[PDB]
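Shown next as structure tokens: one chain only, the form deposited in one PDB entry.
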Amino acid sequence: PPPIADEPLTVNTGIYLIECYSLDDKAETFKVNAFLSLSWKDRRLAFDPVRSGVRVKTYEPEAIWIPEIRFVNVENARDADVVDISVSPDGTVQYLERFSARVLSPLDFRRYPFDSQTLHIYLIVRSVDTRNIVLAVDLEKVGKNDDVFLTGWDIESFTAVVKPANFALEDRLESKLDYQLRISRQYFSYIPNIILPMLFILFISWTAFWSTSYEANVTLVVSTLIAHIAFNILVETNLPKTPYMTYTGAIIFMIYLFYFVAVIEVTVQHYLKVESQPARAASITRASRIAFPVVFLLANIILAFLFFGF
């Protein structure tokens, strides 16, 4: 029994984040616990302040007609408990639930460890014999405690795109809103745990540039190649199969090449010291000691620039 109206019914939405948690990079989902605020005029139940009762009249969800508000990018149905319905005299309804869903928003791993994201929450509504349109009441969308967590992320801003997008979908029109959570990843733990360790082993790798033993150099350059695969895997692990290239996926793959041409050198600095041409060998080896570090630091500037600086 929807509220009889002369035009499009405005439902006035507002989300207040109470808890954020479980941002699953692999899954590309997070979990929210918030307030939903709906409000619309159903004049059909305005109620004579003085004539009876009190200032405001309280209802159970069954009584009133409530607008069916669905979240769009959600796995299962939004899990909600009604907190209060309060009809104002003029026929204004104030609805308030507390829901918990896990939302499905895509992330952009392009700058992986140093990346910021904008999460989305949608809210559609479908029409019947009247149209409905959603819209934000900003006093109820200050959504966010001074307690919102989200481990390993810094929360920048919860806001809402005030103009809804109104599709037609299956011979009935729908009204969609875009709530936006802007977060930036807490890169750091990545330094002492991946980045720094990753470099160290690469440096040790080409400690083999001041050595003449094949046996000790294959042991060197190869044993580190392994440890890098370990790191390579450790990372490719907490991360989805993007169809593009991640920043660390680059520098991680680049690094693979320095292990190759290092191995290529050590190997050459040998079919050229067993050929009694050590003239040339100790010549190559010596250049390496400069070329490798320099080309690296260069490729990183090049690489780095190509990702962030553009």
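One rule holds for the numbers: they count along the sequence shown, beginning at 1. Note that the rigid core is defined as the largest set of C-alphas that superpose within 1.5 Å between two forms.
Look at the C-alpha B-factors of 168-176 and of 221-229. On average they run higher in 168-176. Legend: mean Cα B-factor per stretch from the PDB entry, 208-216 versus 233-241; the higher mean is in 208-216. When the C-alpha B-factors of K26, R70, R43, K31 are ranked from the entry, the top spot goes to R43. Looking at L104, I124, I133, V128, the one whose CA carries the top B-factor in the deposited record is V128. Among all modelled residues in its chain, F149 ranks in the highest third by Cα B-factor. Compared with the other modelled residues of the chain, the Cα B-factor recorded for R78 ranks in the middle third. Per the deposited record, the Cα B-factor of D108 falls in the lowest third when ranked against the other modelled residues of its chain. For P192, the recorded CA B-factor ranks within the lowest third of the chain. Only modelled residues enter the ranking. Per the PDB record, residue ranking by Cα B-factor puts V11 in the middle third of the chain.
Separately, the form deposited in another entry exists; it is not shown, and the next lines address it.
In the core-aligned comparison between the shown form and the other one, the C-alpha of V137 is the only one from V137, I229, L196, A165 that shifts by 2 Å or more.
If you compare C-alpha positions, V134 and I155 are 3 angstroms or more farther apart in the other entry than in the form on display. The pair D178 and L139 approaches in the other entry: their C-alpha atoms are at least 3 Å nearer to each other than in the form depicted.
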